[PDB]
Amino acid sequence: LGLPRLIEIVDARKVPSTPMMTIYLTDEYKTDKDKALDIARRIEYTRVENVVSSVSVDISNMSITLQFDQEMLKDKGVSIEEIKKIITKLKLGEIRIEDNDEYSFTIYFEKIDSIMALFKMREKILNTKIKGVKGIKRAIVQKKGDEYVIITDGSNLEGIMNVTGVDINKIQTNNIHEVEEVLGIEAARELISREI
Amino acid sequence: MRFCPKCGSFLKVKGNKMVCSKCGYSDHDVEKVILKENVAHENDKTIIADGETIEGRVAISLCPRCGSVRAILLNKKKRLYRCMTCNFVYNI
Amino acid sequence: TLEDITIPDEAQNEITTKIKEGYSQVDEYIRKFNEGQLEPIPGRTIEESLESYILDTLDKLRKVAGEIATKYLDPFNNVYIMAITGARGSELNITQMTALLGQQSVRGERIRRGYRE
Amino acid sequence: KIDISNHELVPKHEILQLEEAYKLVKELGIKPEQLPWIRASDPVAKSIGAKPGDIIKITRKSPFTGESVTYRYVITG
Amino acid sequence: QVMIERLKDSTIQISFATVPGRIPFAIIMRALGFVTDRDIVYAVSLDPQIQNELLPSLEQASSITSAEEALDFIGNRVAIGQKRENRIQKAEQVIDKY
Amino acid sequence: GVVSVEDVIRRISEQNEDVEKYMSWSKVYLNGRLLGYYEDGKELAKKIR
Ligand SMILES: [Zn+2]
Ligand SMILES: [Zn+2]
């Protein structure tokens, strides 16, 4: 905000320092809290480490054990089965998953040799994307009047325009270059005046 | 964590034995070493910003100026709020 | 003069009782935190929500004390005239000069930097 | 792909007939390329089928007069 | 100034003024007279939990087994491109002065 | 009464001292340099004072 934001506007920065969107919903998703929460759930970008409570690295048999937070796993709408499927698709190689509990499993790495590669595999696994639109770091559901609006910490106009239930004629952004590329130059100058 | 009684290097588990790679020592005792890291999700839940108080006048509401979700309900009939981060006064 | 910003003894007694009530509320918040019965605010941890509750309570205490001090002061002294007409001063200045300063803060937080705990 | 002319940030665009554009440039005392430019690849320029050498008449919303009219010259790129 | 870092690899690296790169903790410890892994581990700490975190650093220096090898490793950075008898003395006279 | 680091390490290794014994001992620093180990550091500070 303030003078740095004004300088950002007048210097024509390609990407803002803090991107932001305001997302409106269609009439059938407009006045339901559960549907808005579902949309916010399925548009927010989530990694594996966002639902893992503890990570255990075993040197004796080259196994990595993952423990999942039940509350976070429910909040993100993620299940352990799809996490296993996502990990199976990775480049890791010949692995072997075994359940240790109803909320835990271990990757046994029947091939790896050293500890450097074991750790590299560990941070490769922890950074794997589970769901969400790229660029969206956090989504917040806000009640303005009788309507529910989604406030986003990131910016992706093309991605959000393809999401179901989004009102594409009312979507807002503070990224003027995306608005120029998608909507044209007159919309861009209207947005510039509004921002200033 | 164990060390070789002769070479002094650390011993790694191979099968049922712990073997020193430099001297070839072996033993019948097995000790398991793991490295456990914890991840905290105290403030990672999904926020729903309805101007409803939790304790006292502290409500959850998005500030139009800075964007923080902390507010003080100054007056209920006017829906008047005040940001706790930048002191901005607004209506929601 | 210096009697324009001096309140009687009953106003001071009322302010003292209000301060005691606010301190009792803060103590109740602290006890609830210690017993694990304190609910957090979304997006913030516990021991960060307790600070918000304490700050809210202390701000309300300052506002109430300022209201009492204004009530038990002459509405036609020169400081009040300078304030209401818009010449110099505000109501926060009168509250701080006549009732209490309130909570001091550094970057939005209470004063914490010092020794250990 | 997607229709964007109905967005609330997009004003109305209209291709201007050659006689009207000629009258406009004569009564302004300018050459066509002295107006603000619009690209032929602009998302709204393609929606109406605008070719370079045309003049687009744009109607925007105003807080002082209600409606305001502006002209742009279509360039290549 | 002497700087000590810990990376995402769980390895500790030492870096001071007169050497351009980062030297592993066990390599620089072997050049100071700590030859075995047990000596380094028990010099760091007595707590098993603390010393279980030195395993990634120990294996990064498994090749180096003596003080002279560590001094050669340091001299490869300090004085590269000369015989393997002045590198050792150059590393010795840098590690004793800076 | 402060026992040095080398003495403690030799006691653990050369003799059969328990490591858990010295995990409950205080650490003593002098001008930021670790000096040794002491059993009850509170009364050491009291007697220094
Ligand atoms: Zn050995
Ligand atoms: Zn604010």
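Neighbour counts are summed over all protein chains in view; Cβ atoms, including those assigned to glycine, are modelled from backbone coordinates with ideal geometry. Read-outs: derived from the displayed coordinates by stated rules, not from any lab.
How high is the relative contact order of chain C? Use alpha-carbon pairs under 8 Å, at least six apart in sequence, and give a whole percent.
Value for chain C: 33 percent.
Using Cα-only point scatterers and the Debye equation, what is log10 of I(q)/I(0) for the range C:38-102 at each q in 0.14, 0.18, 0.23 Å⁻¹, rounded to two decimals?
Results for the range C:38-102 at q = 0.14, 0.18, 0.23 Å⁻¹ read -0.54, -0.69, -0.90.
Going by average Cβ neighbours within 10 Å, how do the peptides B:59-71, C:6-18 rank, with the highest at the top?
For the peptides B:59-71, C:6-18, the packing ranking is B:59-71, C:6-18.
HN-Hα J couplings of the range A:47-58 from phi, Karplus 6.51/-1.76/1.60, θ = phi - 60°, integer Hz, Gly and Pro as x?
Rounded to whole hertz, the list is 9, 5, 5, 7, 10, 9, 8, 8, 10, 10, 10, 9.
Identify all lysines with a Cα-Cα distance to F:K27 below 19 Å; exclude those on the same chain that are fewer than 8 residues away in sequence.
Partners found: F:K42, F:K46, F:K47.
Pull up all non-local amide H partners of D:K12: gap of 5 or more, or a different chain, and H-to-H distance under 5 Å with H placed in the peptide plane.
Amide H to amide H, under 5 Å and 5 or more residues apart or across chains, D:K12 pairs with D:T59.
Using helices alone, I'd like the mean residue ellipticity at 222 nm for chain C: each DSSP H run of four-plus residues gives -39500 (n - 2.57), total over residue count, nearest 500.
-18000 deg cm²/dmol
Expressed as a whole percent, how much of the Cα-Cα distance distribution for the range E:44-98 exceeds 17 Å?
For the range E:44-98, the share of Cα pairs beyond 17 Å comes to 51 percent.
Please work out the C-alpha center-to-center distance from the range A:1-24 to the range A:112-167 and express it in whole Å.
After rounding, the separation between the Cα centres reads 21 Å.
Could you give the angle, 0 to 90 degrees to the nearest 10, between helix C:49-71's Cα long axis and the longest principal axis of the Cα atoms of chain C?
It works out to around 20 degrees.
Expressed as a fraction of 2.2 N^0.38 Å, the rule-of-thumb size for a compact globular protein of N residues, what is the C-alpha radius of gyration of the range A:101-167?
Cα Rg divided by the expected 2.2 N^0.38 Å: 1.77.
Extent of chain A along each principal axis, from alpha carbon coordinates, in Å, largest to smallest?
Principal extents (largest minus smallest coordinate, Cα): 63, 39, 26 Å.
Give the long-range amide H neighbours of A:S60: residues separated by 5 or more places, or on another chain, with amide H under 5 Å away, using H modelled in the peptide plane at 1.01 Å from N.
The list, which skips near neighbours in sequence, is B:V33.
Enumerate the calculated ³J(HN,Hα) couplings along the range A:14-19 in order (Karplus 6.51 cos²θ - 1.76 cosθ + 1.60, θ = phi - 60°), each rounded to whole Hz, writing x wherever the residue is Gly or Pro.
5, 10, x, 6, 10, x
For a quick check: with amide H placed at 1.01 Å from N, whose amide H comes under 5 Å from F:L35's, ignoring anything fewer than 5 positions away on the same chain?
So F:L35 has HN proximity to F:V28, F:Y29, F:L30.
Can you give the Rg to Rh ratio of the range E:1-81, both from alpha-carbon atoms, with Rh computed by the Kirkwood formula?
Ratio value, two decimals: 0.96.
How large is ³J(HN,Hα), in whole Hz, for each residue of the range F:21-37 in order, when computed from phi with the Karplus curve 6.51 cos²θ - 1.76 cosθ + 1.60 and θ = phi - 60°, using x for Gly and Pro?
5, 8, 6, 9, 8, 6, 9, 10, 10, 10, 6, x, 10, 4, 9, x, 10
log10 I(q)/I(0), Debye, Cα-only chain C, no solvent, q = 0.11, 0.18, 0.19, 0.20 Å⁻¹?
Log-scaled intensity ratios, in q order: -0.49, -0.97, -1.02, -1.08.
Just rank A:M161, A:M21, fewest to most, by other beta-carbon atoms within 10 angstrom.
The fewest-first ordering by Cβ neighbours comes to A:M161, A:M21.
Pull up the cross-link candidates among the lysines for D:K46, meaning alpha carbon to alpha carbon under 19 Å and not fewer than 8 places away within one chain.
List returned: D:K1, D:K12, D:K57.
Debye sum, Cα scatterers, chain D, no solvent: what log₁₀ I/I(0) at q = 0.17, 0.20 1/Å?
-0.68, -0.91
Taking Cα centroids, how far is the range C:73-117 from the range B:25-92 in Å?
30 Å
For the protein assembly as shown, what number results from the quotient of the Cα radius of gyration and 2.2 N^0.38 Å?
In units of the globular-protein estimate, the protein assembly as shown measures up at 1.37.
If one computes the Cα centroid of the range D:35-74 and of the range A:34-57, what distance in Å separates the two points?
44 Å
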